[PDB]
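Quick notes on the structure that follows.
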Amino acid sequence: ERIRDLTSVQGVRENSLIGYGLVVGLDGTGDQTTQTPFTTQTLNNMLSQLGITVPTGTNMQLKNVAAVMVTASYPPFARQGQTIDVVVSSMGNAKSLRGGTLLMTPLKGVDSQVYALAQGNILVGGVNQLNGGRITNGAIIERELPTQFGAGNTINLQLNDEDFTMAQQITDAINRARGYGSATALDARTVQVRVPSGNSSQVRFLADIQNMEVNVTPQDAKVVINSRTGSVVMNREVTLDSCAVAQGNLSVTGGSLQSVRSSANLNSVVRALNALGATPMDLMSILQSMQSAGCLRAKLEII
Amino acid sequence: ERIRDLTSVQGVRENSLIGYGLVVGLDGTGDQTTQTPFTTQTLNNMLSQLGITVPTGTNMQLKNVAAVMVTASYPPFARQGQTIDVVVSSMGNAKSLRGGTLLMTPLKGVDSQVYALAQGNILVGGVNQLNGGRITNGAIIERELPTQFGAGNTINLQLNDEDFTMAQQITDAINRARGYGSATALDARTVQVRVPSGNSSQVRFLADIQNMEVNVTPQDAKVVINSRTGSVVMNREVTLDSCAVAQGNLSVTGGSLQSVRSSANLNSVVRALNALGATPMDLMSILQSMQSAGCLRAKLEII
Amino acid sequence: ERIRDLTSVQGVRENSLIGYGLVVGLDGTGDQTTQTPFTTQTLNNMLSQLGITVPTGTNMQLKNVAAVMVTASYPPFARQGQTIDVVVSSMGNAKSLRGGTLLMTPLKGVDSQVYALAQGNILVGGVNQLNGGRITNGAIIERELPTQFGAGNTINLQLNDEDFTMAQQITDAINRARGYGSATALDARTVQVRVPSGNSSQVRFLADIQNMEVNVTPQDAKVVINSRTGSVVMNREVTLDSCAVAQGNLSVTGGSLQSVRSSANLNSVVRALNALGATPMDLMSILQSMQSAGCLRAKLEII
Amino acid sequence: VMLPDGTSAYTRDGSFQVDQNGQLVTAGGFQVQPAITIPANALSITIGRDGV
Amino acid sequence: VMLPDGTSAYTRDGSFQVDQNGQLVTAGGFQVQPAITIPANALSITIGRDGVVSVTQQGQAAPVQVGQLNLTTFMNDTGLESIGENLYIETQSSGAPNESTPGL
Amino acid sequence: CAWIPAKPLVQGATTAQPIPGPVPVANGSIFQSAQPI
């Protein structure tokens, strides 16, 4: 299952669909509709379409209706009649969407064409979000996308993470179980494979390819710091050099300057960094300072 | 039962029907009708149709009537006279729909044509939703849709989830119990089967096909995180690499940087992640940071 | 009794009838009639018809009269003189319909033609609904519908739920006890049977057909979630795959990530899901997340 | 005078005003049954000795 | 009115104020069901005889309403439990609090 | 003197017909961008 988990097929991709709708059946937790004119305007549009023309000059003050935006993913090779999941998010001053029902909503693409029609019952968790829900199989595909799959004798596998070693390894793996010249790497992120002419032939070829297992090679040393959530993650290839670290309210347990032992593997790094007795908030600053000095032999990314 | 649970037949699909109606018989828990003019307007329309013309200039302040939207699904091969379930959702400032009765409601399609007529008694749970109910067999089909089923010698089975391996597996399964060239995969999501010319012949063929069992192949490794409900779900094909994790108020039980053991199967992953002693809210951030670093060898989806 | 409980006969269907009436004899629990002008207007109409012309300019403030809507079902092959049950629902600001009597009410069809005449005593339960009641044999059929039953040699049995396997099974069952070519399936929802020419002959044939028993075949795996009532129902064909589940305030009983054992039958699924110790409100989110990930091998419907 | 709930009250305050649909109402907005609708093109309103 | 615990209390003190997110609240800040949101464009707020809350705005000859102020009626007003902070709760006596629009 | 032919100030055409757009490529994407400037 390595090749499918590492790469993606060229032309097999997911698009994004968006639309506007109304959610009805709320228990008095909808829009105020005095500060969100589009809710009442679109309700009047729906009624006018259905055969009820409400007078232009009138005051409608609803409480069970909310104006929402619906987002979905158009899956690869989607055919009309299939169903997809949608996400429903409130748009103006609505308290909750607990037990609402999404009315008929056309999901447009980037090209402003309807690719799906959405309508269903929203499932809201019930510290849980109240203005956001999900409808499983809530939208039906109405339009299909032409594709070039099955045409030509080349298929590109696109690596999720760029690596010359991994690209070469996938090339050598495809060229071991599937013939001599069945794959050629084009760059650090693309492996071009030669496929038989046809549609089912390429499907069979890619089915074979996808479940093959490749031995993942060492992949860069990096320390990911998320300051907004206060988390630090170090992969296996992170090392350290011997150097001294000082920080506020931290001391040898006896001065404030603690020596960090050079470290070869990740267990040594973890032990050396835990010897400092540093909170992760302090550990982030320690890692940044060590990266500046040169003790930390890894790529420090702040996400 | 695998093929029916995995695929859908081309042309065998469900449509969405919508309509507007009134719910009567509520115990003073209907619309205020002073802030929802359409309720009184449509009640006057109904009376005028029935033979009662209420004066244009008058004040009607009802309490047992609510204006509702009715939604239903038009089932495949629906014939006139059959019954379907409908969902009734209040539209404006109604307190409840406890024991109301849905009056005659025409359910329109996307093409604004009446496909069903809805009327019945609403069943409301009774923390339960009060403005939303369901009527079983509450609508009768009045229009039928022409279809191309039974015409031609090709039928497409559309996989619910795109997979070249699964498409090839279904193709090989249909071509084992039903002849040599009875199925051909067209893409990652479509399997074209050759069916005899006729209507009952295709029904028999698809009845045979649908209950066949296919051996499901490994299907991608993915971690689904629902932040709105605070849930994390990992399938069997999720693995881990050895790396260090630090987060606020979490420590080895002795520093704050805990080593996560490489993990091959899902039990190892669960044990390694439970060794951190992390709340799911913290676990979501841990998983996101590990995906950024590269320890988590899976596809992280946020739903 | 399987065929009658699974299918319906073509042309044997129920229509919906609606009408407006007045309910009298209430113990001061009728309309205010100052906010519902149609009650007094229709009472004056009734008096004018009966021979009493109340002056146009006058104030009538009734308390024992309520304006109601009456709904009924027109049964198949209904003949004039037969009686049907009706449902009486209040229409404006009436407190109760406890011991009221429904006056002569013409029940119109969709074509605005009188098909029944309704008049009787309302039975109200007495947390019970007060503005809604039912009258058994409260309406008498006055019009009959022409039908094509007994004409032609084809009769369509329409399956309640679409299934190619079930359609084929009914076709084979009818063709086992009633001759070689007595039934032909037309689609996933229709079985066409060949009947003798005549009226009583078709009645006899359908009497034979209806009580036949068919062996119901596995029917799709689906999990029904009703968030408005907070209920989850899983049928027998629901399975699970091994995967890890995390949710708020749920832990192994010891981390927060609990492994759910792969499950083949429904008992295994129930045991695995009860091992999580999840409230149904949490179980709904768990099931949705597992459907997103891929552990849940069933069709998740939100009703 | 007709109250909003529909019951009739009685007043000796004779200060009446025309509402937005014609009609003579009390200063509090309560209508003065027996009702009196005043047309738009009115040049003068005359209330006589015999209530006309 | 709605207590912070989530249970409803009943008061007769008629002093209300609009808080920073509209919402008519009591002087202690407790929200006054059935929720009344006042827009910022309001020039004058009028609470009617029947509890109708109408709001006038600029460039709109017709006053924009906001909601209904419903009163709770008990069958033994002597029986409510006095919580303290100008609030009464339904005891075993004065049960079944009957909501009603004012005037009827 | 007002009948003398004269050349207006804004010469040329005072309208432009929208040009039909390129045919989308068969790459499996909904977003299709014309020749970018």
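We name chains A, B, ... following the order of the structure tokens; residues begin at 1 in each chain, and ligands are numbered from 1 as shown.
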Inset, instruction - When you get a sec, could you note down which chain B residues fall within 12 Å of chain D, using only C-alpha atoms, as a list in words? - result: residues 57, 58, 59 and 61 of chain B
Tell me which protein, DNA and RNA residues are within 10 Å of residue 56 of chain A, counting only C-alpha atoms, leaving out same-chain ones fewer than 3 positions away, and put them as a PDB file with N, CA and C atoms, in the first residue's frame.
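part_8.pdb was written with the following content:
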```pdb
ATOM      1  N   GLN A  41     -34.561  37.824   1.771  1.00  0.00           N
ATOM      2  CA  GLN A  41     -34.628  38.013   0.325  1.00  0.00           C
ATOM      3  C   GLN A  41     -34.654  36.676  -0.402  1.00  0.00           C
ATOM      4  N   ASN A  44     -37.952  34.853   0.172  1.00  0.00           N
ATOM      5  CA  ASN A  44     -38.968  35.386  -0.727  1.00  0.00           C
ATOM      6  C   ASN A  44     -38.745  34.906  -2.153  1.00  0.00           C
ATOM      7  N   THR A  53     -46.144  34.930  -3.872  1.00  0.00           N
ATOM      8  CA  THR A  53     -45.518  36.238  -4.051  1.00  0.00           C
ATOM      9  C   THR A  53     -45.868  37.111  -2.849  1.00  0.00           C
ATOM     10  N   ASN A  59     -42.760  43.263   6.588  1.00  0.00           N
ATOM     11  CA  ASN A  59     -41.756  42.902   7.581  1.00  0.00           C
ATOM     12  C   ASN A  59     -41.885  41.416   7.888  1.00  0.00           C
TER      13      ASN A  59
END
```
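Remark: for residue 33 of chain D, the closest of the candidate residues D:15, D:20, D:46, D:8 is D:8 (distances computed over only C-alpha atoms).
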Legend entry - Distance filter 12 Å, only C-alpha atoms, chain A against chain E, as a list in words: residues 28, 29, 31, 32, 33, 34, 35, 36, 57, 58, 59, 60, 61, 62, 63, 93 and 95 of chain A
Since we have the selection now, will you write its residues out, keeping C-alpha atoms, as an mmCIF file, in the first residue's frame?
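And here's out_20.cif as it stands now:
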```
data_model
loop_
_atom_site.group_PDB
_atom_site.id
_atom_site.type_symbol
_atom_site.label_atom_id
_atom_site.label_comp_id
_atom_site.auth_asym_id
_atom_site.auth_seq_id
_atom_site.Cartn_x
_atom_site.Cartn_y
_atom_site.Cartn_z
ATOM 1 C CA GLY A 28 -35.788 29.488 17.199
ATOM 2 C CA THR A 29 -32.023 29.524 16.622
ATOM 3 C CA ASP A 31 -30.987 34.397 11.788
ATOM 4 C CA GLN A 32 -32.465 37.594 13.167
ATOM 5 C CA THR A 33 -33.212 38.486 9.510
ATOM 6 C CA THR A 34 -33.277 42.158 10.464
ATOM 7 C CA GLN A 35 -29.473 42.313 10.260
ATOM 8 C CA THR A 36 -29.162 39.701 7.471
ATOM 9 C CA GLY A 57 -43.258 46.166 1.398
ATOM 10 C CA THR A 58 -43.619 43.928 4.436
ATOM 11 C CA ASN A 59 -41.756 42.902 7.581
ATOM 12 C CA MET A 60 -40.762 39.242 7.898
ATOM 13 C CA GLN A 61 -39.045 38.405 11.188
ATOM 14 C CA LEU A 62 -38.165 34.719 11.043
ATOM 15 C CA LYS A 63 -36.574 32.601 13.754
ATOM 16 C CA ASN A 93 -25.915 35.832 13.381
ATOM 17 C CA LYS A 95 -27.322 30.768 17.177
#
```
Legend entry - Expected answer as a ChimeraX atom specification: chain C residues within 8 Å of chain A, only C-alpha atoms: /C:227-228,281-282,284-285,288,300-303
Can those selected residues be exported to a file as a CSV table (one decimal), in the first residue's frame so that it contains C-alpha atoms?
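Done, and the output landed in selection-v2.csv:
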```
chain,number,residue,atom,x,y,z
C,227,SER,CA,-30.6,13.6,15.3
C,228,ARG,CA,-33.9,15.3,16.0
C,281,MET,CA,-25.3,11.6,20.9
C,282,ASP,CA,-21.6,10.8,20.9
C,284,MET,CA,-23.8,9.6,16.1
C,285,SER,CA,-20.6,11.6,15.7
C,288,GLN,CA,-20.2,9.8,11.0
C,300,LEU,CA,-25.1,6.2,6.8
C,301,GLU,CA,-28.5,8.0,6.3
C,302,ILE,CA,-29.5,11.0,8.4
C,303,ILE,CA,-33.3,11.2,8.8
```
Legend entry - Selection near residue 4 of chain D, 9 Å with only C-alpha atoms, sequence-local residues under 5 positions removed, as a PyMOL selection string: (chain C and resi 34) or (chain D and resi 30-31) or (chain E and resi 50+103)
For the residues selected in the previous step, produce a file with C-alpha atoms as a PDB file, in the first residue's frame.
```pdb
ATOM      1  CA  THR C  34     -61.873  38.672  16.519  1.00  0.00           C
TER       2      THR C  34
ATOM      3  CA  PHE D  30     -58.852  52.166  19.904  1.00  0.00           C
ATOM      4  CA  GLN D  31     -61.622  52.217  17.203  1.00  0.00           C
TER       5      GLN D  31
ATOM      6  CA  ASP E  50     -49.703  43.620  23.541  1.00  0.00           C
ATOM      7  CA  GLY E 103     -53.690  41.105  26.843  1.00  0.00           C
TER       8      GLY E 103
END
```
Inset, instruction - Please report, as a ChimeraX atom specification, each residue of chain D to which DSSP assigns strand (DSSP E or B) when run on this structure's backbone. - result: /D:2,8,16-20,22-26,31
What are the closest atom pairs, with distances in Å to one decimal, for each residue of chain E lying within 12 Å of chain D, using only C-alpha atoms, rows by chain and rising residue number, as a Markdown table?
```
| residue | atom | partner | partner_atom | distance |
| --- | --- | --- | --- | --- |
| E:48 | CA | D:28 | CA | 11.3 |
| E:49 | CA | D:4 | CA | 9.4 |
| E:50 | CA | D:4 | CA | 8.8 |
| E:101 | CA | D:5 | CA | 11.4 |
| E:102 | CA | D:5 | CA | 10.3 |
| E:103 | CA | D:5 | CA | 7.1 |
| E:104 | CA | D:5 | CA | 7.1 |
```
